[PDB]
Every structure is written in C-alpha cells, then in structure tokens.
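A.B. asks: What the sequence shown shows, in mature numbering (1 follows the signal peptide of the UniProt record, and there is no 0), is residues 70 to 399, in sequence order.
Have a look at the structure that comes next, please.
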Amino acid sequence: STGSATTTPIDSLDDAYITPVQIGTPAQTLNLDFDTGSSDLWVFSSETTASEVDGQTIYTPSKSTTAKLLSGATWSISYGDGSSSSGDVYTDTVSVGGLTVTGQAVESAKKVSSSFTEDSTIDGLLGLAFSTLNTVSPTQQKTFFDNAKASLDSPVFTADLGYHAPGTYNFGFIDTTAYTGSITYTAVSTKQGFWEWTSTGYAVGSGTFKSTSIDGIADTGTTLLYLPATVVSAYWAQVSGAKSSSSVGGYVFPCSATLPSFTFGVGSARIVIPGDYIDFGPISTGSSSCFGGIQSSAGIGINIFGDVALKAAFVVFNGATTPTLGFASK
C-alpha cells in the first residue's frame with residue numbers, strides 16, 4: 070500500500086504545516102502537525118478541557134463505531150518549545166492520504182498548554198520519530214508509520230515541505246518526479262529515538278564550504294534551523310546589522326536586509342537554503358527588526374534540522390531494518 074497527503078503551511082511564515090488525517094468511523098478529519106521529532110499521535114477531543122479549546126476541530130470517540138478505549142492507558146508529553154499536553158488513549162482507524170491503519174493509538178487530550186490552545190489551526194500532532202519515544206503508559210504504543218510499515222510497498226515515508234506553499238507527505242514510495250538530481254543517503258542513529266544524522270558541513274552564501282561534522286535531527290515539527298553557536302555566528306556576521314538579542318530570544322536582523330543562502334552538507338552532496346527561507350518577519354507587528362530562521366542550538370542540547378532546512382529538500386525517512394535518511398535538491 071501507499072498513501073499521499075498534501076501538507077499546508079498554517080500561516081504566511083511557514084510556522085508549521087498541517088496535514089488532513091481521517092480518524093474513526095465515519096471519518097472525522099483533523100488537521101495534524103506531522104512531527105518527525107516525536108512519537109505520539111494526539112488530538113484535541115471531546116475530552117479536552119473546554120476552556121483550552123479555541124477553534125480546533127475535535128475528535129469525538131463516542132461518535133466513532135471503531136473507537137475503543139485503551140483501558141488504563143494515559144499519556145503526557147512535553148516538547149522542546151515548552152509546550153505540553155496529556156490525556157487518555159483510544160484505538161481507532163486512522164487514514165492518511167488513502168493509507169489506512171486499524172488499531173492505531175489515538176491519544177485524546179484532556180489538557181493542553183496555552184500554545185496549543187492559542188493555535189486554532191493545529192488539531193493535534195502525528196509523531197513520526199521512533200516508537201521508543203512514545204509516551205503512553207503503562208504500555209507504549211506504536212507510531213502510525215511503525216504500524217503501517219509492513220503493509221507499505223517500501224518501508225519509507227517522504228517529506229516535501231513547501232516554501233510559502235503546500236507540499237506533500239508520501240508513505241510507501243519515492244516520487245521520482247518530486248526532486249532533481251539524485252537522493253544522497255546518510256546514516257541514522259536511533260539511540261535517542263530521533264532521525265539523528267551527521268551533516269558534513271556548511272557554507273554561508275557564496276562562501277567556501279567548511280567541512281565539519283554536525284550531528285542533529287531531522288525534525289519536521291520544529292520551525293527553524295538550530296545549529297552550533299559558531300556556525301550561526303558565521304552566518305549572521307554576513308548580514309549587516311544582525312545581532313543576537315537576549316530580549317527577543319535569538320538573532321534578529323534589519324527587515325531591509327537581503328539574506329544570504331545557507332548550504333548544508335549531506336555526504337558529498339549539498340542542500341542550499343535560499344536566503345528568503347531564513348526570514349521569519351517582524352519580531353512584532355510593524356517592527357523593522359526581523360526574526361532569523363537560523364538560531365543557536367546552545368542550551369537546547371541538540372542541533373535541529375527543522376523546517377527551514379527540510380523545506381529546501383526532498384527528504385526520505387527510510388525505515389528499513391537499518392534506518393537511513395535521504396536528501397535531494399528539488
């Protein structure tokens with residue numbers, strides 16, 4: 070089997086992407102944030118504290134003839150950005166782009182943090198990291214991909230995120246029309262539960278490539294590109310007037326600037342992030358100070374190839390017995 074679904078930016082900045090997901094019988098369609106940096110599929114629901122729902126579409130398990138409470142199971146997750154959610158668990162039928170999994174754990178939120186409430190466009194998350202990170206207790210549950218894998222034509226999914234435009238998540242096949250040149254595959258460590266890999270270096274604008282190993286994660290659920298302070302300083306030094314602002318929480322730059330591109334290495338291959346992808350607009354409405362899309366990972370504890378990086382590529386998440394990651398230009 071295969072599946073193919075369009076993923077759409079939630080706003081004009083590409084702060085996140087949502088993908089429609091069918092849950093239950095009859096189908097209830099929720100728009101979920103596909104997150105290769107976590108491993109829980111959780112949704113706003115009829116069980117979510119009412120004051121914490123503000124415009125989201127909810128899953129109502131009592132209206133699904135295929136929903137079954139997973140007795141005794143609870144979940145609770147905290148994300149890198151400080152947000153969190155928790156609740157109980159159902160199993161139900163979940164379909165993405167025509168690919169159907171029966172008995173998928175659907176984690177129903179009883180509580181969500183303010184960041185989730187305040188974002189009316191995201192109805193929940195669909196985790197695509199390794200199932201070892203799944204938070205369901207006392208019996209850990211499998212991700213949608215892990216459940217689907219054996220049925221797929223090939224044990225892969227691909228992320229093709231758009232810049233200020235829709236893109237595609239495919240399951241079970243590689244669309245050879247969706248990228249240019251070849252896909253370069255690179256080794257993955259699953260030791261931390263992430264799609265963790267080592268970039269071979271970087272360049273800033275038309276500058277020379279610096280060969281240096283940068284370990285990080287391919288994370289569709291993180292907006293920005295978080296890299297070591299040395300790398301980030303080298304980038305922003307090429308933008309007149311850019312500075313790190315403690316009060317704002319990262320590098321800012323004059324909105325009048327033209328940003329240079331940023332290149333990252335995948336083996337001997339190179340992915341070029343155009344300068345415009347690095348612009349996250351005014352820090353506050355009407356400001357002429359703009360927020361940068363490349364930020365320091367210092368004190369995150371890990372480098373994160375988030376959407377800023379991934380949207381410059383066609384990305385293969387290869388879930389073969391030994392997982393790997395592939396990147397192509399597009």
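Ideal Cβ positions, reconstructed from N, Cα and C, are used throughout, including at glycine.
Counting pairs of beta carbons, one from the segment 216-230 and one from the segment 383-393, are three or more of them closer than 8 Å?
C.D. replies: Touching, per the Cβ criterion.
A.B. asks: So, helix, strand or coil for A219, using DSSP?
C.D. replies: In this structure, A219 counts as helix in the three-state DSSP scheme.
A.B. asks: Could you tell me the distance, in whole angstroms, from the CA atom of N100 to the CA atom of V335?
C.D. replies: About 31 Å.
A.B. asks: Is the beta carbon of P343 closer than 9 Å to that of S325?
C.D. replies: Contact: no.
A.B. asks: Under the three-state reduction of DSSP, which class applies to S200: helix, strand or coil?
C.D. replies: Helix, per DSSP.
A.B. asks: Whether or not the segment 79-86 and the segment 132-151 are in contact is what I'm after, with contact meaning three or more pairs of Cβ atoms, one per stretch, closer than 8 Å; do they touch?
C.D. replies: Contact fails: fewer than three Cβ-Cβ distances are below 8 Å.
A.B. asks: Specify whether the segment 293-313 and the segment 235-246 touch according to this definition: at least 3 beta carbon pairs, one from each stretch, less than 8 Å apart.
C.D. replies: Cβ pair count under 8 Å is below three, so no.
A.B. asks: Just confirm the distance between the C-beta atoms of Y295 and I369, as a whole number of angstroms; I'd bet it's less than 8 Å.
C.D. replies: Between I369 and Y295 the Cβ distance is about 6 Å, and since that is below 8 Å, they are a contact.
A.B. asks: When the Cα of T76 is compared with those of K137, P392, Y232, which residue comes out closest?
C.D. replies: Per the Cα distances, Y232.
A.B. asks: Using a Cβ-Cβ cutoff of less than 6 Å, which residues in the same chain neighbour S133 once the five nearest sequence positions on both sides are dropped?
C.D. replies: So the list reads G93, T94, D161, once near-sequence residues are dropped.
A.B. asks: By Cβ distance below 7 Å, which residues in the same chain neighbour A217 in space, the five residues on each side in sequence not counted?
C.D. replies: Correct list, in chain order: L168, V170, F240.
A.B. asks: Runs of 4 residues minimum, wholly inside the segment 277-346: which ones carry the alpha helix (DSSP H) assignment?
C.D. replies: The segment 277-346 contains these whole alpha helix (DSSP H) runs: 298-305.
A.B. asks: Just how far apart, CA to CA, sit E176 and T292?
C.D. replies: Rounded to whole angstroms, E176 to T292 spans 23 Å at the Cα level.
A.B. asks: For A397 and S152, I'd like the C-alpha separation in whole angstroms.
C.D. replies: Between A397 and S152, the C-alpha separation is close to 32 Å.
A.B. asks: Note down the Cα distance separating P323 from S315, rounded to an integer number of angstroms.
C.D. replies: Cα to Cα, the separation comes out at about 16 Å.
A.B. asks: Using only alpha-carbon positions, find the residue among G361, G72, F263 that is nearest to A311.
C.D. replies: Answer by Cα proximity: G361.
A.B. asks: For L221 and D123, what's the separation of their Cα atoms in angstroms?
C.D. replies: Going by the C-alpha atoms only, they are around 36 Å apart.
A.B. asks: First and last residue of the alpha helix (DSSP H) that includes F185?
C.D. replies: Element bounds for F185: 183-186.
A.B. asks: Residues in its own chain within less than 6 Å of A381 by CB, not counting five upstream and five downstream?
C.D. replies: So the qualifying residues of the chain are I340, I342.
A.B. asks: Among residues of its own chain, excluding the 5 on either side of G375, which ones have a beta-carbon nearer than 6 Å to its beta-carbon?
C.D. replies: Closer than 6 Å at Cβ, skipping near neighbours: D288, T291, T292, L293, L294.
A.B. asks: Is the CB-CB distance between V165 and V112 below 9 Å?
C.D. replies: Not in contact: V165 and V112 (Cβ atoms no closer than 9 Å).
A.B. asks: Pull up the distance between the alpha-carbon of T267 and that of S115, whole angstroms please.
C.D. replies: Between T267 and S115, the C-alpha separation is close to 42 Å.
A.B. asks: What span of residues does the beta strand (DSSP E) with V112 cover, start to end?
C.D. replies: Counting along the chain, the beta strand (DSSP E) containing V112 begins and ends at 110-112.
A.B. asks: Could you give the uninterrupted runs of the beta strand (DSSP E) lying entirely in the segment 116-155, keeping only those of 3 residues or more?
C.D. replies: Runs found: 137-147.
A.B. asks: Would the beta-carbon of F103 fall within 9 Å of that of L195?
C.D. replies: Taking 9 Å as the Cβ cut-off, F103 and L195 qualify as a contacting pair.
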